[PDB]
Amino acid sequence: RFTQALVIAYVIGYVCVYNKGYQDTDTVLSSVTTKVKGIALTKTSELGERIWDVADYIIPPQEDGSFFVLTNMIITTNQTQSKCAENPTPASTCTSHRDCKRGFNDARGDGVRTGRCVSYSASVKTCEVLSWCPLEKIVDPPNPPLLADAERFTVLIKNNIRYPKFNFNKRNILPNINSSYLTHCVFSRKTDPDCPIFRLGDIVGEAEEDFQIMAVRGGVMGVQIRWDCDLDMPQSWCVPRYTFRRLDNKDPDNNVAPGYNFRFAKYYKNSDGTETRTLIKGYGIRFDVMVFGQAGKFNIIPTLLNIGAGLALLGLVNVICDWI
């Protein structure tokens, strides 16, 4: 009896109301584009005093569902194909030319050996290599990071979605939004919740992380957009909701392999018309954009079927009381 009304009454509240078994259900089809805005100033030793704008700090300019913002750098300029001593190291140090085999090439080395053992300094000798010389100096990335200004950068995240079963289209620029608003707004939980232009600092902060710390060696940030919509309700709900998680750093006890960095270059031709290269070991945050969602709507079919299933238990409650 209590078991009866408990079950019969349960299949309603539990499955039909709470779990909305009366609803037909779709998953979201999503597309996103992003644009980052902001300007960093750096004075280093020595490229001098320099600005970095969007075309400088987003590598590459375009990716589908993510963007990478440069935070820190180690820059080696005026490289050319030439010979130079490798950086001092147990595998690179030498005394005799015989230590360095010509043509010797190992994945972790600075180039292809000549092989001569040559002075890296007055204190130390190293195997000569054919490489892009000068080699990158061995040093820790600058703290504070050169691109600290990037905490204040903003990103417009534009997101189109559709729910095919329901022929329902929407965009995360809401209908109450307009051009002006985007001329000024920056997303805020309190004053600007419908602004899809987020401050990078706020993104990482809301994930309980410190941009300036994280900017030194770089990292990976998730931006999640959940579109969960009961289409029985007005189309005015069915708004995106935003969470921010840090993706990397899943074993913080390690000092092993922190952050995110990669190398890239800018090539030039010089007077003689021979190539020279600027190599950057860049550190930054990859912002990864992830869209999920499920739309429900009322349908009789799932209702019925779920009731057919529902009573199956309703009868064999008391039937099973005897069935033992």
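Heads up: residue numbers just count along the shown sequence, starting at 1.
On mean C-alpha B-factor from the PDB entry, just flag whether 230 to 238 or 213 to 221 is the higher one. It is 230 to 238.
Per the entry, where is the mean C-alpha temperature factor higher: 149 to 157 or 117 to 125? Mean CA B-factor is higher for 117 to 125.
Quick one: which of 62, 31, 270, 278 has the biggest Cα B-factor according to the entry? The C-alpha B-factor peaks, among 62, 31, 270, 278, at 270.
Sorting the chain's CA B-factors, does residue 134 end up in the lowest, middle or highest third? According to the entry, residue 134 has a C-alpha B-factor in the chain's lowest third.
Ranked against its chain, the third holding the CA B-factor of residue 181: According to the entry, residue 181 has a C-alpha B-factor in the chain's middle third.
Taking the C-alpha B-factors as the PDB entry records them, is residue 96 in the lowest, middle or highest third of its chain? CA B-factor rank for residue 96: middle third.
Taking the chain's C-alpha temperature factors as the reference, tell me which third residue 290 falls into: lowest, middle or highest. Middle third - that is where residue 290 ends up once the chain's C-alpha B-factors are sorted.
Could you say whether, by C-alpha temperature factor, residue 172 belongs to the lowest, middle or highest third of its chain? CA B-factor rank for residue 172: middle third.
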